[PDB]
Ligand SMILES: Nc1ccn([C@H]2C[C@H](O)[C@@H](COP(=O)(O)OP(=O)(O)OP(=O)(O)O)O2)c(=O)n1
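What follows is one chain in structure tokens, specifically the form solved without the named molecule.
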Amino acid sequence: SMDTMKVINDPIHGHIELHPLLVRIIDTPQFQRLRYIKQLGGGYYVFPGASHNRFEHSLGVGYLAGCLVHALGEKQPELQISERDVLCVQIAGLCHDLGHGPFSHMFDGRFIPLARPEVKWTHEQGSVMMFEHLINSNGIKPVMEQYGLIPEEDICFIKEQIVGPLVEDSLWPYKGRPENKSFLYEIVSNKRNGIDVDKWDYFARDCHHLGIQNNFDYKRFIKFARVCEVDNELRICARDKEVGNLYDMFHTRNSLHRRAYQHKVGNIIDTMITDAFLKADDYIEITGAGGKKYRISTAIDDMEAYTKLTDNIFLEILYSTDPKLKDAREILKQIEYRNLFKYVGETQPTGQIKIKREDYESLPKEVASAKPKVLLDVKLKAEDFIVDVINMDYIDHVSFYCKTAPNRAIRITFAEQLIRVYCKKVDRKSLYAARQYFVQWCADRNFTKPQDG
């Protein structure tokens, strides 16, 4: 007794039972912070239903993580899955997104690169740092001990699930659990086949809020799921008949990626918000540890300050009166009036090296420096250009099993990067010149000839 599981009523998963340890981790300012970070960032300004935040999705990931590890233990007891392992996997699923910043992938994937090109920051490292901070700012280690967890090993295990291994030895890299349980590291985030409960939840939830049909049935997948040995390595395998379900999922994956995550106006609005943040970064102060004041771009260095870095920043800019924020405020005002940056074109580095984040800040200048062979009336500044780099995760690298051979696999034996360009000046002459500069840049970088007309 002492404590009790609690029921949360979610529109995707229904009744969610939660072990009291998970509840103690949820009822913390560090976790509740996720109620104020919209899942799809600026997608909301394009899809009215995309009001949802990382908090809901995180609960869903935790629930799905628990369901799947429990099913594998029930079906295959030989794996030695313990209730402790279950709890650790649920905690990892709950906290995999603790580190996101205002407007989710906008922050670590565009803003920090443009604000601090020398820094290498990702939301996953942020999640591990935030998790540590949540453990220590509240009293979570003794509760872990109260429910059987070994904080040293299990904290390591949870963090390793979130960010990966600490290494070319080809020996077992992880230390939080041994290699005999390697498959548990494939539950919350899987890079091999991209089948994890994180994508299950955000595929379902983003379809629910976007009005997209989703025919993937994750409960049916969990039911017919099983661990099997493929290439002397224990992996999560799927029943041979379940391929149809997997088709339905990958089609959902494409429909979400093409219709939403790569929405032209959605991404333009993301970069407009990034422009405001940059034009506000020097004047916005966030109080962190020891009273020290951090900026939007440096909050990630102090978890106490980052705990208060949220979509709120947007309205903190929009509602301000300080003349120093006038620049930033005005950009957000254009978003409200729907006077957006205008789309110039799209290209891909097909065949070429991929653009790195450290070079994002240099791209506008390159574009403005491109010399069209037809000399132009209007001349444009690097400040007049936005260069948007869109990366994508990524038929079947999924391990299967035969209905009678559940121990071994069957043995069966789009793009990685887009580059769009937007212009801040909107007169037809300026936009014509933008296109000229842009085509010439794609030729200079040996990128694919844009074909927008």
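The numbering used is simple: start at 1 and walk along the sequence shown.
Form deposited with the named molecule bound: not shown, discussed below.
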Heavy atoms within 4.5 Å of the named molecule in the bound PDB entry: which stretch in 67-75, 229-237, 293-301, 90-98 meets that?
90-98
Using heavy atoms and a 4.5 Å cut-off, decide whether 105, 202 and 257 all contact the named molecule in the bound PDB entry.
yes
Contact test in the bound PDB entry: residue 206 vs the named molecule, heavy atoms, 4.5 Å:
yes
Residue-level contact is defined here as any heavy atom of the residue lying within 4.5 Å of the named molecule in the bound PDB entry; does residue 85 satisfy this criterion?
no
Can any non-hydrogen atom of residue 308 be found within 4.5 angstroms of the named molecule in the bound PDB entry?
no
Does the 4.5 Å heavy atom contact test between residue 314 and the named molecule in the bound PDB entry come out positive?
no
In the bound PDB entry, the one of 198, 275, 154, 186 near the named molecule [non-hydrogen atom within 4.5 angstroms]:
198
If the cut-off is 4.5 angstroms on heavy atoms, which of these, 174, 147, 261, 283, is the one near the named molecule in the bound PDB entry?
261
Check each residue of 20-46 against the named molecule in the bound PDB entry and list those with a heavy atom within 4.5 Å, in sequence order.
39, 40
